[PDB]
Amino acid sequence: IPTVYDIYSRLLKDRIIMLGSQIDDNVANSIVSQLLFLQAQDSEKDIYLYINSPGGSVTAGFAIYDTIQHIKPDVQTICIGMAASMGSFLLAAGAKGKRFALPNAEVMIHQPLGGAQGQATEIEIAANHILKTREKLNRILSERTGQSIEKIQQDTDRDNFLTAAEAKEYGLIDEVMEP
Amino acid sequence: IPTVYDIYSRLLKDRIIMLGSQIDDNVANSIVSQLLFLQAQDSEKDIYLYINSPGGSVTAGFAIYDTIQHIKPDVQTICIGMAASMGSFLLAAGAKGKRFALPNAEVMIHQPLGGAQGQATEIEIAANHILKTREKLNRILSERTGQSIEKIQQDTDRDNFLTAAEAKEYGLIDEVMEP
Amino acid sequence: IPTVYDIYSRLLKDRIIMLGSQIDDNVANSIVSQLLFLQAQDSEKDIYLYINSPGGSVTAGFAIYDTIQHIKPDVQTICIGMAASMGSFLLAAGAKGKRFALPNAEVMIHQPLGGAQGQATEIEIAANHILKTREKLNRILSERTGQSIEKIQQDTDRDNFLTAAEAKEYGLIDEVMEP
Amino acid sequence: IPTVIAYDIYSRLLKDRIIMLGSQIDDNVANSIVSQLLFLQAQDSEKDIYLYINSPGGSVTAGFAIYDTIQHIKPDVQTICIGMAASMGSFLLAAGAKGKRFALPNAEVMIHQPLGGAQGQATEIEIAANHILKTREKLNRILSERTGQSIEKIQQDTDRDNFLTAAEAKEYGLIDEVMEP
Amino acid sequence: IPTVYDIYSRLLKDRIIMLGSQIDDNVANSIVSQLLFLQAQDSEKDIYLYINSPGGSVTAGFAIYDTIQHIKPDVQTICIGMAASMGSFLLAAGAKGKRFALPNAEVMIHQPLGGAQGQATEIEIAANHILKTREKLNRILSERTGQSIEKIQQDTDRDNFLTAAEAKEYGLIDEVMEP
Amino acid sequence: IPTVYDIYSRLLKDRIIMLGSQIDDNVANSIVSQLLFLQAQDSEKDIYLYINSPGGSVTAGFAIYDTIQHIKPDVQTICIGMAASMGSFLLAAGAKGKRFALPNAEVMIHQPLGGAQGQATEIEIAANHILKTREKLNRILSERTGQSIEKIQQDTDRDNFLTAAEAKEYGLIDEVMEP
Amino acid sequence: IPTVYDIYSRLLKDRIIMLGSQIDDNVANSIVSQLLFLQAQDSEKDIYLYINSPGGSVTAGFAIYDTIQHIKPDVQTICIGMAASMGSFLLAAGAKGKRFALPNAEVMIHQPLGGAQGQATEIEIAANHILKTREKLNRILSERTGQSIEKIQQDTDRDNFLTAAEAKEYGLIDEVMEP
Amino acid sequence: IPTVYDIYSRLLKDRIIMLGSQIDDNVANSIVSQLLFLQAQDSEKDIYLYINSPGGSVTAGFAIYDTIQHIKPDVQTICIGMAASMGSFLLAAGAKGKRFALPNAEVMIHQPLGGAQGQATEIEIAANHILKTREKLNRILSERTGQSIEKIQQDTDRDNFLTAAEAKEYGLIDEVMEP
Amino acid sequence: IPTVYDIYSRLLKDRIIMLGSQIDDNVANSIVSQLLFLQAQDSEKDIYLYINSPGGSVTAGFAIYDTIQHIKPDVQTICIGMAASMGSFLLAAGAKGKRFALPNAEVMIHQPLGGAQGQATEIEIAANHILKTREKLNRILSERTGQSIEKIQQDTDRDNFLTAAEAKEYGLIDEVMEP
Amino acid sequence: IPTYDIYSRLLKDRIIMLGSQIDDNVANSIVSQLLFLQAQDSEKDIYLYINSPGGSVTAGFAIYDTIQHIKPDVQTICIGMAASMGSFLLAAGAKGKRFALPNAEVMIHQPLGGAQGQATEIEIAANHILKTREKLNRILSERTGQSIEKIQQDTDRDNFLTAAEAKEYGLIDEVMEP
Ligand SMILES: *[B]([O])([O])[C]([C][C]([C])[C])[N]C(=O)[C][N]C(=O)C1=[C]C(Cl)=[C][C]=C1Cl
Ligand SMILES: *[B]([O])([O])[C]([C][C]([C])[C])[N]C(=O)[C][N]C(=O)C1=[C]C(Cl)=[C][C]=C1Cl
Ligand SMILES: *[B]([O])([O])[C]([C][C]([C])[C])[N]C(=O)[C][N]C(=O)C1=[C]C(Cl)=[C][C]=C1Cl
Ligand SMILES: *[B]([O])([O])[C]([C][C]([C])[C])[N]C(=O)[C][N]C(=O)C1=[C]C(Cl)=[C][C]=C1Cl
Ligand SMILES: *[B]([O])([O])[C]([C][C]([C])[C])[N]C(=O)[C][N]C(=O)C1=[C]C(Cl)=[C][C]=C1Cl
Ligand SMILES: *[B]([O])([O])[C]([C][C]([C])[C])[N]C(=O)[C][N]C(=O)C1=[C]C(Cl)=[C][C]=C1Cl
Ligand SMILES: *[B]([O])([O])[C]([C][C]([C])[C])[N]C(=O)[C][N]C(=O)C1=[C]C(Cl)=[C][C]=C1Cl
Ligand SMILES: *[B]([O])([O])[C]([C][C]([C])[C])[N]C(=O)[C][N]C(=O)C1=[C]C(Cl)=[C][C]=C1Cl
Ligand SMILES: *[B]([O])([O])[C]([C][C]([C])[C])[N]C(=O)[C][N]C(=O)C1=[C]C(Cl)=[C][C]=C1Cl
Ligand SMILES: *[B]([O])([O])[C]([C][C]([C])[C])[N]C(=O)[C][N]C(=O)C1=[C]C(Cl)=[C][C]=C1Cl
């Protein structure tokens, strides 16, 4: 809200992006646009992505994820408060070695959620889709954390809360940022 | 509504059951109860089940279906107006040779419909359930009509409307009742 | 509402059925049940069906129509107030020579109405269904009135209101009942 | 609501050939009134029927189901307005056997033109307009016959809501007598 | 609610009518019907009308009022609890000398209330109607109470609450019924 | 709905109880009352409990369950349509050897569901309660089916649908009732 | 949301258009206006259209589609997150050789959806319209992908989800943009 | 939405007006104001009116139509996406020879729609009004297309969809703008 | 909506006021303020008031009307689209000789509309008010048009639609502005 | 509301106003203001005024961990009410620089939440919120000097404290007199 530029525009000048909400299509379109703009300004300097998010749309999250992996600058990820669901997926997506959480930040991982209505045939199509989406997410999370796909699958069957230290041990982040 | 007994109680005295609504658990509980009662009164005399129904719950319909096949009396089925979805399934369930439709009655067959909300795992469970339910329905309908399961599957992919004459050719009924 | 039996049960004792509402599945189930009961009581005496109805479901109306043509007794139809849409179709369905309207009663004929929502394929299925239903209705109305199918089609494209005298000239009734 | 020795109060009065029209006139009300008229005639085709009318009006076609049944059956139907006969209620009041149409002294009668609605294409609005205008002509012609007023006077006097005292209703020809105590 | 007949049917056997609600068309229909029935049973014995009512429709109240004045039996009126607006008008309408209130019963008189919506011309018609209705009510109340029309007009401009004793002094009742 | 007694009262005369709805406190109150009454009429003759139910309240179901085990008569259970959740628990509760399902009836088992809201302390109390309730249900189901508690726990983690034949192999019923 | 110009206005300076929402008339009016403006600024430099969209109105999508094909500059299309329904149609509409998806982006194709209410005649008109619209879409998609119209028809009967790699095989895009 | 001026203000600098929504009084006020302003800036240079509109108010559309015919500059009309109802009327209103549609744009023509409530007299007034409005529209459309008034009347009785090529053959536009 | 100033502010620079909506208190306050401002800028140059309005509040309209008659500059009125009810009253209020309508613009005149709810006395007060307001409007309209008050009264009893040419012959405008 | 807006003008003097419930948007703004103030000057004190009924635990921890992360001392000043997570953040200011005005109110209590679904899911939610309560109690114990046992007992129900009681408790260091 405050003016200095608004406060977030002022931090964007220093290559800081604030992801502080649910991840929907509008949020992703803004974050992607900020990433593309920061890269056009300087393709060498690190970007800093702060993440306080309960999660959101899988496809919106993948728009952000693929943009992070596409652009030349390293994107550091810093979890403050909560990175849950697609929020923890994006936290794990930062440049390897530059993924952080503050000491009391919380990380939560779980499987995708959705809904389906209609004919048996359509419910089948929706089920196959969301199951294939879960496999895609598990494969990527396996690669970013070093855990096996089997372990990822087991650990996301239900809501799984992790402390910052547990998130580091898991491979979701690299360091807990001490004061 | 009118009194003679109410009009439907008066027809139940003559072993006539009127199924004239959507099939839910309360409707099934009444129809099943009327079938059990008619059998306890006389285990040999035919029962007459008039069907004007847009369909309804698969399990409620199977409560009626299995009761028809369980009891000793033959249950004749007479379609007036419309037998759609589970209504056409119950029409096909009458005693072989005693399944009828009036000349302008309409029959409609299609696949089950449902919904599923939650985790990928739960959507998978719901999808497998409704697909297995569709196979159960197709196998039984194949047995009652003489059509192959593959033909039943094709012919129910979308809403399939049949005239009374087409319903007889299909094997859903035995005779069109002429005036 | 009043008691004598309720007033309609008292008239049913004299083989009078009152159709005084929209035609839905519950109304059709009651009327069909009253017709079957009157026939079981006496298969030769006339039945009298008074019709004051704005219309309703096509399949519910056909449950009544096919029952009229099925049973042995003649069913006289008497229009009081309004027979519109499926109400005028059932008025035309009485025993030939025994279809009446009171002098200020109104008759209205028009084409079926419906709705369709979903994929192009499903909208196509619904369109073919309602068009085939319109052809079925026109063919029957042509046979009951003596008008050609082409004329019926033309005269039902929009709401077409007829006086009792016009309804007699049209062939929808046989006589205007004078005082 | 109350019960008499077993009858509800209206069923008890129907035994004496009294029908109570005490509500809006819709299809269910007309169905009941028509059924009571047919039943009273089947019981005795010669004795008068008494139709009390306290009604704000209602559906034109429902009212005509009642009107044509009154004119069809052999018994005379007396009409007695208590409280209000408005719109189709005043039309049915005027429909009683000539000489046997009454209102109590403080009863109110109101006459006006039909009301409706139309929605859709220009063509459909045209069809609905022609229908309701033809219905108004039908109502005016009948009311002209029942009251002795000209159709042009009926048309003028129903352009807007027109309230009449019982005495004015008698002078108009809508009733024959104000029933004094 | 209780059965002894329901409780009100049992009191109707003793020529007691209970007016214990808002006066609308259904209430008036019932009260008028009870009055006509009591007169047909015995045209010479008094009727007792208990009144606990907040008022209601003017025309519904006049259906009751004119029926009271029409029938041969005297109708005593007994106010218990409250007779307000059209309720106090009907209380004043009992047989002169036989209008009562219990000692703590409340009587309220005021002018008619209504609404009008539409063209200036229609609002004018509605205004003239309700003003003429107020004059009719004042003239009758003047003759039942002995007060002048001017005084009635002045005393009903706003809600005017009266004790039972004040109602007797006003002429609305004849006696306060002591224990 | 129909009268012969209503249809269910007529079957209660033959010691048949119809459980055809969701199990809440009113349903349990009625079923318990019917069981107590049937026992008071004859403490030696079998009772027949038909079950078509999606489930319901655990405590309402236990009111029925404990009443079944308390009374002297054997209670046969017959699944028609659907016995799900507490419905399948009550199906398994019939007299051993007298638990049935019709061939197309469906059985579903799963773990309890609930909600909790308030302070951490209150959420803890609610969690311990529902977990202890699940252990109680598993222990009883283990006794009634012969499966181990561990297997019951694994098989109820998610919605688990069983055919009638699968329900018999599981130990939930004793026989599939063939036609 | 952020200011640098808003972030999207800043990217429009570099000939980047962000389509990140459902496609309705307002979205199309903006995109068309941005295309016309970019062409007026420079008729030879490429335009970049990022697409993250669940789809939307067919006619709104065709306003965008025909504008792309009208203007002189090549329009590259880049799918991030999701291009579904009309979104995947516009993705396929980019300059041939310049249609991209990021590796985890999702593409979905299916047939048009709509609704129709009214007379049989009007439902027929609406059905013919949406079927002709589907043929128009299939013909164009056939041209843009190289698949036959029959294959397009078969592959869009139900929701058909494609990975980026599958979308390239299909001909909807030319390249998956690797990091 | 985007900034350069907003995108539409930037195109207005080049004498381009974007009509991309329903036509109501606010839309007409804006379009009329833009037309008057463009004429005041230069009374000779062409104006370009892009039309993507489902239609709207007849009087709002005539405010735009009469302003087009009043001002000195030619107004070219370009249909993108859909010009339906009053949208197709305004498309036909462009300077003769300068009325265009893009190849996949859709044109729809039909008769006016409205509603009327109240007294018979008021419904008559509303009916005469909308019928006279339809004649006014048909006369003008006849003049702009070269079709007879009777053909216009027949072709607008129901929703009539036209391709761009059909719209040119009809006389609603002069050219389909090829790429 | 568009910027050049917004489009309406740009036209206000040329002494053009756009009345393109319902007339309520906020609209009147703005129009009055624009009139006062234009007069303060130049007390001799004409003002141009475009009117496309369905009408609105009588007192809001009189705030505008009295301001027009108060200020020194002539106010030309130009009807585009529709001037109905208070909109046609303000159209008639322009400087005599400078009141215009475009050829297809519609003018409608009728009597005031309102509502009243409460005691008879209050309904009387409201009726007298709206009738006196109608007389005030008729007297002014009589002066502005040259028609007698009795003709104005007859011609406004119901909705009265006029073409531009009819409005000129009536005296509501002076000229139809041809192209 | 008034005009910089009034809060932007105070941010120029390193004053942050936390005057609402603490949700994710509020935390994102406060965190952003803290990061910005530190980037402007990593030495000068920041002043955080707190009038808040509380809010989300994780949103509050985003603010809390940012306070402890940055180099500048963050003074906390309670005006009106610091309740629940608001009182937790008040206790989080630089030791010696935690204040309340004399009539300000402080309230402490345990976390609140909800859980719907299977027994297994209710168990997961219960363990989560209980572990969150332990985390909050441990931190509050360190910031106040009270034992974890005492914190647990004093937060079982809503516990209202005057400013003076809050100082005695260790939630603040000083009551700011006029
Ligand atoms: B989460 O942030 O809650 C989660 C993300 C993954 C990492 C666990 N989000 C969802 O599950 C949201 N669901 C969807 O985007 C979705 C996906 C699919 Cl494939 C189908 C429907 C829905 Cl709604
Ligand atoms: B129909 O009558 O419309 C149809 C029955 C078969 C014969 C096509 N009804 C349904 O499919 C109703 N659906 C279910 O009973 C159902 C609902 C849900 Cl949420 C999940 C599974 C099932 Cl099987
Ligand atoms: B009418 O009573 O208004 C009319 C009947 C015919 C005689 C004109 N009723 C309907 O058209 C109601 N429509 C349907 O019952 C129907 C039929 C079909 Cl085939 C498809 C959809 C619907 Cl909704
Ligand atoms: B009144 O009883 O209120 C009146 C009857 C006549 C005597 C004035 N009722 C109506 O005008 C309404 N009744 C209709 O039957 C009607 C409704 C509609 Cl929407 C259209 C036409 C008709 Cl004719
Ligand atoms: B009272 O019961 O509250 C009162 C009657 C008094 C004056 C005796 N009732 C009403 O005023 C109720 N109003 C009407 O019945 C009415 C009358 C008229 Cl004339 C017009 C409209 C209405 Cl709504
Ligand atoms: B089922 O009938 O759907 C199921 C019981 C099965 C698992 C035997 N029902 C429920 O879980 C319904 N839940 C409760 O009655 C309940 C139980 C407890 Cl212990 C706490 C809360 C609730 Cl809401
Ligand atoms: B999609 O984006 O979901 C889809 C477009 C095609 C490419 C599959 N959208 C629609 O089908 C939306 N439907 C329409 O625009 C439409 C609606 C109606 Cl009622 C009638 C016709 C059409 Cl063409
Ligand atoms: B359309 O754009 O959907 C259509 C335009 C004509 C050219 C086919 N619009 C309408 O018909 C909207 N109707 C009106 O503006 C209108 C006109 C009249 Cl004269 C009376 C009522 C209404 Cl609502
Ligand atoms: B019209 O704009 O629809 C019309 C104005 C006259 C010229 C016909 N509007 C109204 O009548 C709106 N009504 C009022 O402003 C009004 C006036 C009075 Cl006196 C009392 C109540 C109301 Cl609501
Ligand atoms: B308070 O601000 O009201 C309180 C904070 C603590 C210090 C007492 N807030 C809450 O308890 C709000 N609850 C949550 O943030 C929460 C936490 C957990 Cl672990 C689970 C669910 C919820 Cl909703």
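Labels below follow one simple rule: chain letters A, B, ... track the order of the sequence lines, proteins then strands, and each chain is numbered from 1. Below, each value reflects all heavy atoms present in this structure, side chains not excepted, and no hydrogens, waters or symmetry copies.
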*asked:* When you measure from the side chain of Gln147(F) to the backbone of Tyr170(F), do you find a donor-acceptor pair of N or O atoms at a distance under 3.5 Å?
replied: yes
*What pairs with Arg10(E) under side chain to side chain donor-acceptor pair (under 3.5 Å), at least two apart in sequence or on another chain?*
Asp14(E)
_Restricting to salt bridge (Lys or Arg N to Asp or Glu O under 4.0 Å), what partner residues turn up for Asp155(F), sequence neighbours left out?_
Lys151(F)
*Verify the neighbour count for atom CG of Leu36(F): are there more than 12 heavy atoms of other residues, nucleotides or ligands below 6.0 Å?*
yes
_N/O donor-acceptor pair under 3.5 Å between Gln111(F) side chain and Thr120(J) backbone_ = yes
*Over all heavy atoms of both residues, which pair between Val75(B) and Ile71(B) is shortest? Give the atoms and the distance, please.*
CG2-CD1, 3.8 Å
*What do the steps show when you test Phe62(F) against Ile140(F) for side chain to side chain contact (heavy atoms under 4.5 Å, CB included), and what is the final call?*
CA-CA 11 Å; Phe62(F) 267 123; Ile140(F) 292 174; 3.5 Å; yes
*To the nearest 0.5 Å, how far apart are CD1 in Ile7(B) and CG in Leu12(C)?*
5.5 Å
_Shortest non-hydrogen contact from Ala116(B) toward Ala126(B)_ = CB-CB, 3.6 Å
*Check: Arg15(F)/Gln41(F) side-chain N/O donor and acceptor closer than 3.5 Å*: no
*asked:* I'd like to know whether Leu11(B) forms a side chain to side chain contact (heavy atoms under 4.5 Å, CB included) with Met18(B), so could you lay out the CA-CA distance, the side-chain angles of the two residues, the decisive distance to 0.1 Å, and finally the verdict.
replied: CA-CA 8 Å; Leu11(B) 296 190; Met18(B) 299 305 281; 4.1 Å; yes
*Determine whether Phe100(B) and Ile173(B) make a side-chain contact, defined as any pair of heavy atoms from C-beta on separated by less than 4.5 Å.*
no
*Would you find a donor on one side and an acceptor on the other, under 3.5 Å apart, between the side chain of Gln117(A) and the backbone of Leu113(B)?*
no
*Examine the side chains of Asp6(E) and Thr3(E) and answer whether a donor and an acceptor come within less than 3.5 Å of each other.*
no
What side-chain donor-acceptor pairs closer than 3.5 Å can you find for residues 27-34 of chain B, not counting sequence neighbours?
{"from": "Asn29(B)", "atom 1": "ND2", "to": "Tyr8(F)", "atom 2": "OH", "distance (Å)": "3.3"}
{"from": "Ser30(B)", "atom 1": "OG", "to": "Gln34(B)", "atom 2": "NE2", "distance (Å)": "2.9"}
{"from": "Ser33(B)", "atom 1": "OG", "to": "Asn29(B)", "atom 2": "O", "distance (Å)": "2.8"}
{"from": "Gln34(B)", "atom 1": "NE2", "to": "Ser30(B)", "atom 2": "O", "distance (Å)": "3.3"}

*Are the side chain of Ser142(F) and the backbone of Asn138(F) linked by a donor-acceptor contact shorter than 3.5 Å?*
no
*Give, for atom OG of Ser9(F) and atom OH of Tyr5(F), the distance between the pair rounded to the nearest 0.5 Å.*
8.0 Å
*So, the side chain of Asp159(F) versus the backbone of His110(F): is there a donor-acceptor pair under 3.5 Å, distance only?*
no
*Under the side chain to side chain contact (heavy atoms under 4.5 Å, CB included) criterion, do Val107(B) and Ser88(B) qualify, and how do the steps go?*
CA-CA 6 Å; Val107(B) 176; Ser88(B) 63; 3.6 Å; yes
*Salt-bridge present (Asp174(F), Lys98(F); N to O < 4.0 Å)*: no
*Identify the two heavy atoms, one from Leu91(F) and one from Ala83(F), that lie closest to each other, and give their separation to 0.1 Å.*
CD2-CB, 4.0 Å
*What distance separates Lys136(B) NZ from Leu131(B) CG, expressed to the nearest 0.5 Å?*
13.5 Å
*Measure the NZ-CD1 distance between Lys132(F) and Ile130(F) for me, rounded to the nearest 0.5 Å.*
14.5 Å
*Does a side-chain heavy-atom distance below 4.5 Å link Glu106(F) with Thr133(B)?*
yes
_Atom pair OG1/CD1 of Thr77(B) and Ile68(B) - distance to nearest 0.5 Å_ = 7.5 Å
_Would you call the rings of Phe89(B) and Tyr65(B) parallel, tilted or perpendicular, taking 30° and 60° as the class edges?_
tilted
*Determine, stepwise, if the pair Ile51(B) / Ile78(B) fulfils side chain to side chain contact (heavy atoms under 4.5 Å, CB included).*
CA-CA 6 Å; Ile51(B) 297 171; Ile78(B) 304 109; over 6 Å; no
*Is the backbone N or O of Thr163(F) less than 3.5 Å from a side-chain atom of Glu166(F), with the two atoms forming a donor-acceptor pair by type?*
yes
*Does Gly20(F) offer a backbone N or O that forms a donor-acceptor pair with the side chain of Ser53(F) under 3.5 Å?*
no
*Can you find a heavy atom in the side chain of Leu141(F) that is under 4.5 Å from one in the side chain of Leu172(F)?*
yes
*If you round to the nearest 0.5 Å, how far is CD1 of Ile64(F) from CG of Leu35(F)?*
8.0 Å
_Has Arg144(B) got a side-chain atom pairing as donor or acceptor with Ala92(B)'s backbone, closer than 3.5 angstrom?_
yes
*asked:* Donor-acceptor check, side chain of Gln22(F) to backbone of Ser57(F), threshold 3.5 angstrom: yes or no?
replied: no
_When you compare the side chains of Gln39(F) and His70(F), does any donor N or O come within less than 3.5 Å of an acceptor on the partner?_
no
_Quick check: closest heavy atoms across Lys45(B) and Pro73(B), and the distance to 0.1 Å?_
O-CB, 3.3 Å
*How far apart are the closest heavy atoms of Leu137(F) and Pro112(F), and which atoms are they?*
CD1-CG, 3.7 Å
